[PDB]
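> Kindly return the folded structure for what I paste below:
(6 chains, ligands or ions: 7)
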Amino acid sequence: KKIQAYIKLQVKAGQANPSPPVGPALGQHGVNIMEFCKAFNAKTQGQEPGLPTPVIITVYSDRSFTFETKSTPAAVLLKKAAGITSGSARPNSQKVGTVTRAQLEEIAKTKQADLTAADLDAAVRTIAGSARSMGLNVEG
Amino acid sequence: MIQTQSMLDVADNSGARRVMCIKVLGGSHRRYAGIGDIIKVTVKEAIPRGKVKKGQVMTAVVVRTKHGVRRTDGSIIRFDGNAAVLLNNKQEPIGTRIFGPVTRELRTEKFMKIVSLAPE
Amino acid sequence: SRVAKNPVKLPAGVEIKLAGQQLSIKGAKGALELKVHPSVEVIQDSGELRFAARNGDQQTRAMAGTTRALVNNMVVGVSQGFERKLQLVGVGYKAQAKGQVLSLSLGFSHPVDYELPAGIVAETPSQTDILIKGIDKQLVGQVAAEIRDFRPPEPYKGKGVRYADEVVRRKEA
Amino acid sequence: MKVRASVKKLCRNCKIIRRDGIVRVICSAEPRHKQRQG
RNA sequence: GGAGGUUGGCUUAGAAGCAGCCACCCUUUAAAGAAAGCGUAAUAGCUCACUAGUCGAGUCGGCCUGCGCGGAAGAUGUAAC
RNA sequence: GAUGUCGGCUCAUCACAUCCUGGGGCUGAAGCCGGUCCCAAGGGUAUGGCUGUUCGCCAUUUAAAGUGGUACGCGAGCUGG
Ligand SMILES: [Mg+2]
Ligand SMILES: [Mg+2]
Ligand SMILES: [Mg+2]
Ligand SMILES: [Mg+2]
Ligand SMILES: [Mg+2]
Ligand SMILES: [Mg+2]
Ligand SMILES: [Mg+2]
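Residues are numbered from 1 along each chain as shown, chains lettered A, B, ... in the order given. Ligands and ions are numbered 1, 2, ... in the order given. Structure as follows:
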């Protein structure tokens, strides 16, 4: 039916109801936002709740929506790695003080190193490819 | 009246005394205008106080002429004098009381006003 | 590869009244199809068929490919019912078939009364569907096009007759 | 149509056909790429 | 299938692979460019880049070159063999 | 050892690079209107005020008041500003 990944959905972990982080984002997809809250309730307390949580969703049509088990998000918690909230006005050339490799340790402890990587070191290398996002280099 | 620059008076109370034809409306070049047609007048000689000022482009319908109106018979009505009735921007008249007779040939749907207001 | 080398492999009940110049396929579910071949062709006779040109030009190289798809379409027509699914989109639209008459409601002032040719018999399972059955592609496709060109579709509403190609133009401001 | 003297493709979907001796361009994505003569 | 992070950023319901300036790295994986590209400019979708089957012989582009084709509309009558 | 020069009247004829009517494609074309470009020369294509004027500027129309060639059409046809 609707079979391709990279479907963009950032609402709160445990609460699908706050829309203006994405708004009307899954109307043409087929399944409305208010039914996904049972799936965001299944993955709480580790995927950075409170802030709206991005997750690669796999849209089905049989009342089942699995979320890929990425424990710590590397789209929003790498804003926290440098120590800011609002990123730079251009990524990786405009800077507010870039993030180094010494501050990529607390996020990388709980990576679930098979369910998003092969070993744990490439999951540290995942956020070496995920901190290149928001006005931040990966330097050392 | 029946040609450009034809002096003809008005049959109306609030109007002027005399007007003059400047353009026969209708087709490409209508050269003549019979009874029941729209012309465009200039006001040439007003009453010392009515409603219409002297020298103003207005619009009128033709109601009496010396050439006559002809019916589906060999029977024609032929007056002596030409006569017009002024209109507004929309085709309703300006005045209240119409002077003299009119004909019943004029009465169409848009002209049920002035037929009722005149002593035929 | 080339379609002129793949054979035909005709099914069970098929007559070939081949006079050399004029072939004729007869079968069940309709019959009487025949085509007059352009002359520079080799036509063999077997359980299958193979076509071959003689003068290796830029034309007979294309003649043998055209005549292979034409013979193949005569085989399927006495084997499978050709069909075209036309749908109606819009309020106040309907189609009311009366035997050999297909009369329509398209929001016009006078109702169109389209008359079908012999052969093709059309059927309407709904008020917004047409099913056009026949034996040849070119005659079924021609009648289905001429019904469509009464009221072609619209990018703003879709309010017009359309067949099953769901790649219709849309724009909306 | 759009009569030119230099027809050419614009997107990936344009195919250049020479129909009845004239170099046409038909586009199956956008109608604004239809070009007639060149 | 068409990627693992992932809304990649300030941004804007939406800027995400498809405001702006841009990131273009690294990896679950047989496979995947944080993306070519229309798609709701935008959310899909479907493609592209990719790999599995399926199919079982050629295919793709550039260079030089002979003859041609569009570009090519006027006043009394075909009317620059 | 002579080809009578500008505007008006009368009468016209061809071109198409189309002003109107006829057929269509695209649109930042909802509908009414339009914009732009291909095809089409069959019939149509204003009365006045001011100036020697063509031109123009105005007033009022109309489906529309097209652009050029024909000794800048036409004095052994008229006028003579
Ligand atoms: Mg043709
Ligand atoms: Mg031409
Ligand atoms: Mg001499
Ligand atoms: Mg033309
Ligand atoms: Mg002259
Ligand atoms: Mg003389
Ligand atoms: Mg002379």
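> For RNA strand E, what's the nearest residue on chain B?
Distances between chain B and RNA strand E by C-beta to the nearest atom of the strand are smallest at residue B:28, namely 26.3 Å. (Each C-beta comes from the backbone N, C-alpha and C, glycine too.)
> I'd say residue C:102 and residue C:120 touch.
No: with contact defined as C-beta atoms under 8 Å, residue C:102 does not count as touching residue C:120 (10.4 Å).
> for the most centrally placed residue in chain C, phi and psi?
Centroid-nearest residue in chain C, with C-alpha atoms, centre = their mean: residue C:137, separated by 1.9 Å. Main-chain torsions, residue C:137, degrees, to the nearest 10: phi -70, psi -40.
> Kindly report the same for residue C:115.
phi -100, psi 130.
> Report the central residue of chain D.
Centroid-nearest residue in chain D: residue D:25, 1.6 Å away (criterion: C-alpha atoms, centre = their mean).
> I'd assumed residue D:7 was in contact with that one.
Yes: using C-beta under 8 Å, residue D:25 makes contact with residue D:7 at a distance of 5.2 Å.
> okay, and the common contacts of those two?
D:16, D:35-36 (C-beta atoms under 8 Å, 6 or more residues apart in numbering or on different chains).
> which residues touch whichever residue of chain D sits closest to RNA strand F?
Residue nearest to RNA strand F within chain D: residue D:31 (3.9 Å; C-beta to the nearest atom of the strand). Taking C-beta under 8 Å, 6+ apart, we find residue D:31 in contact with residue C:169.
> Quick one: check the lengthiest helix in chain C for contact with RNA strand E.
Longest helix in chain C, counting residues (DSSP state H): helix C:60-77. No: Helix C:60-77 lies out of reach of RNA strand E by C-beta under 7 Å from any atom of the strand, never closer than 11.9 Å.
> Please name the strands paired to the helix or strand following that helix in the sheet, noting orientation.
Per DSSP states H and E, helix C:60-77 leads on to strand C:85-87 as the next helix or strand towards the C-terminus. The strands that strand C:85-87 pairs with in its sheet are strand C:129-133 (antiparallel), strand C:162-163 (antiparallel) (by DSSP bridges).
> Let me have those strands in CSV, extended by distance to RNA strand E and mean neighbour count.
Formatted as CSV, the strands paired with strand C:85-87 follow (distance: least, C-beta to the nearest atom of the strand, whole Å; neighbours: other C-beta atoms under 10 Å in any protein chain shown):
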stretch, distance to RNA strand E, mean neighbour count
strand C:129-133, 24, 18
strand C:162-163, 16, 18
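> which residues sit against stretch C:20-32?
Residues contacting stretch C:20-32 (C-beta under 8 Å, 6+ apart): C:13-18, C:33-37, C:39, C:43, C:71, C:74-75, C:77-79, C:81, C:135.
> Kindly apply the preceding question to stretch B:31-45 instead.
Outside stretch B:31-45, the residues that touch it by C-beta under 8 Å, 6+ apart are B:1-3, B:7, B:16-26, B:52-65, B:67, B:69, B:84, B:86-87, B:91, B:103, B:105-106, B:108, B:111.
> let's see 7 Å
B:1-3, B:16-26, B:52, B:54-63, B:65, B:69, B:84, B:103, B:105-106 (C-beta atoms under 7 Å, 6 or more residues apart in numbering or on different chains).
> what comes up buried for it?
B:33, B:35, B:37, B:39-43 (16 or more other C-beta atoms under 10 Å in any protein chain shown).
> in which helix or strand would I find the most centrally placed residue in chain B?
For chain B, the residue nearest the mean C-alpha position is residue B:84 (2.0 Å; C-alpha atoms, centre = their mean). Assigned by DSSP H and E, residue B:84 falls within strand B:83-87.
> What is that strand packed up against?
strand B:7-10, strand B:57-64 (3 or more C-beta pairs under 7 Å, 6 or more residues apart in numbering or on different chains; DSSP states H and E).
> Can I get those strands in JSON lines including mean neighbour count and distance to RNA strand F?
Below are the helices and strands packed on strand B:83-87 laid out as JSON lines (neighbours: other C-beta atoms under 10 Å in any protein chain shown; distance: least, C-beta to the nearest atom of the strand, whole Å):
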{"stretch": "strand B:7-10", "mean neighbour count": "20", "distance to RNA strand F": "15"}
{"stretch": "strand B:57-64", "mean neighbour count": "21", "distance to RNA strand F": "5"}
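> Need these in JSON lines (columns: distance to residue A:40).
Formatted as JSON lines, the helices and strands packed on strand B:83-87 follow (distance: least, C-beta to C-beta, whole Å):
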{"stretch": "strand B:7-10", "distance to residue A:40": "85"}
{"stretch": "strand B:57-64", "distance to residue A:40": "75"}
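> Export these as TSV, with columns for distance to RNA strand E.
Listed next are the helices and strands packed on strand B:83-87 as TSV, based on distance: least, C-beta to the nearest atom of the strand, whole Å:
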stretch	distance to RNA strand E
strand B:7-10	48
strand B:57-64	41
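> Quick check: which of these is nearest to residue C:50?
strand B:57-64 (87.2 Å; C-beta to C-beta).
> next structured bit after that closest one?
strand B:69-70.
> Tell me which residues touch the one residue in chain C that gets nearest to RNA strand E, please.
Of all residues in chain C, the one sitting closest to RNA strand E is residue C:170 (5.0 Å; C-beta to the nearest atom of the strand). Contact analysis of residue C:170 by C-beta under 7 Å, 6+ apart lists residue C:155.
> hmm, back to that, what number of residues lie near the residue of chain B closest to RNA strand E?
A count of nearby residues for residue B:28, using other C-beta atoms under 10 Å in any protein chain shown, gives 4.
> Contact distance from RNA strand E - what residues of chain C qualify?
So chain C meets RNA strand E at C:1, C:170-172 (C-beta under 7 Å from any atom of the strand).
> would you list these in JSON lines and tack on secondary structure?
Putting those into JSON lines (DSSP: H, G, I helix; E, B strand; the rest coil) gives the following:
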{"residue": "C:1", "secondary structure": "coil"}
{"residue": "C:170", "secondary structure": "coil"}
{"residue": "C:171", "secondary structure": "coil"}
{"residue": "C:172", "secondary structure": "coil"}
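> returning to that earlier point: can you check which of the helices and strands packed on strand B:83-87 gets nearest to residue C:149?
strand B:57-64 (48.5 Å).
> How are the strands of the chain distributed by residue range?
By default, I'm working from chain A. A:10-12, A:52-54 (DSSP state E).
> other chain: chain D
Counting by DSSP E, the strands of chain D are D:14-19, D:22-27.
> Could you check whatever helix or strand residue C:144 lives in against RNA strand F for contacts?
Secondary structure assignment for residue C:144, by DSSP H and E: helix C:137-148. No: Helix C:137-148 lies out of reach of RNA strand F by C-beta under 7 Å from any atom of the strand, never closer than 13.2 Å.
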